[PDB]
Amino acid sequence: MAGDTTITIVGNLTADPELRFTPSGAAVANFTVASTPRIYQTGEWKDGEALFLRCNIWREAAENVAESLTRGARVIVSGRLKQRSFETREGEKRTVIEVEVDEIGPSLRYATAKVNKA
């Protein structure tokens, strides 16, 4: 089976993708996708509950992300959910759900892109 739990999110980047490198020399980009849904007999529609999702994406992919996308860029993200743990100074278990990004791209819904393949 390999029931990796998959998700697709659409939204905007809270800020420029943070790019870092591990002990092992490997690349990583961190960024948070903020999704805003919408809901309808209210006259017009309305906005909705904003959802911030932290995103991790590794290696060559990550450099591409870093040098293509800015604060506020609207993107579309396919990936897997991961549960990270860590502790407070006082030893409290904290957990966050994060996204392991498999594919990501800018969204031509409201814009145009120039594709540089390889």
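The numbering used is simple: start at 1 and walk along the sequence shown.
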How many missing residues of the deposited sequence lie between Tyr40 and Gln41 in the entry, grouped as none, 1 to 3, 4 to 9, or 10 or more?
-> 1 to 3
Select between 101 to 109 and 19 to 27 the stretch whose C-alpha atoms have the higher average B-factor in the entry.
-> 19 to 27
Mean CA B-factor: is it higher for 62 to 70 or for 46 to 54?
-> 46 to 54
Just grab whichever of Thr32, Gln83, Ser78, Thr36 has the top CA B-factor as deposited.
-> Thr36
Split the chain's modelled residues into thirds by Cα B-factor; is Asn116 in the lowest, middle or highest one?
-> highest
